[PDB]
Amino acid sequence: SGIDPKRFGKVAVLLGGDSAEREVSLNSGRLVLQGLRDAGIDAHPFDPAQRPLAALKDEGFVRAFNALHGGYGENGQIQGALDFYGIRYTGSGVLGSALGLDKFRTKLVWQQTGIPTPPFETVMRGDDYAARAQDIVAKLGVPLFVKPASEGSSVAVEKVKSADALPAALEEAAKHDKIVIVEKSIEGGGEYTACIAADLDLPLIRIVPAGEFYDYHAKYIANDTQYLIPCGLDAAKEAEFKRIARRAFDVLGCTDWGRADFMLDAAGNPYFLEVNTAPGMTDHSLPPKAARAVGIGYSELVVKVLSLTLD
């Protein structure tokens, strides 16, 4: 393989959209289109915000590389519509896509299938926030991470360092998601991500934020968040975590395009935070880095991802 690019037929690269991440998507999608055309594949841009989606079927596209991020592009909406119209697509199906955006149900699944994840409690809108805060501190201690359960709240993740500050953080979070996750903070180790692309053996990435945690500032503002390969871990642990990461993805119904995000504690135990079924494909994005670390260039990576829509 050695795939005749003819075998891919007429291919759409879905890019743009209407979400808050239209920008990263335009960037990723134009690169992906080039990567596929560099391989001689009959690929075309298709922006579903600006083109009628039925044209995919009507113009005879057979498959799509999904370079959308956020809203309908990532949550199962456009995956369902594509299944409905008979168009094959990269990444996960409806269930994996929707379950991967729902941290509450992701973490339940993981707990029942032995995928490690930070101990947690939930808080619902209309709860007695002061009373829940007491019970939660008593169980989990401080610090804690307070996060929306579900897609796509407007209240950023908050690290709560003191018991007295918990009730306000709960009440605010619950104003914007009916379900709030409250996680034990995993301290004393480091942060990592496992990119998954087919059966490619991709290295782990250590993520080193310059401040408290991988916050909006660290991801989108800061010039100095580190994304490190080698990740620092010993070979047996790195292999072990990559294996767990792939099971974490599989048990949610996700198929093998994405990244699995995890923390390590001081003892070196892992705790998975989320999967991401729509990772970036810009020139500074993590899957191309991890792939180039093992000798797989950008066009080769996009062809490998697309190849799984065959058969």
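Start at 1 and count along the sequence shown; that's the residue number.
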Comparing 271-279 with 35-43, the higher average Cα temperature factor in the PDB entry belongs to 35-43
The stretch carrying the higher mean Cα B factor in the deposited entry, 189-197 or 220-228, is 220-228
Per the deposited B-factor column, the C-alpha that peaks among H176, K161, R105, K184 belongs to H176
Entry record, C-alpha B-factors for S150, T117, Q112, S97; the maximum is at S150
Entry-reported C-alpha B-factor of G126 relative to its chain, by third, is highest
Chain-relative C-alpha B factor for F145 (record values, thirds): the lowest
Entry-reported C-alpha B-factor of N66 relative to its chain, by third, is lowest
On the chain's distribution of Cα B-factors, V13 falls within the third called lowest
Chain thirds by Cα B factor, record data; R259 belongs to the lowest
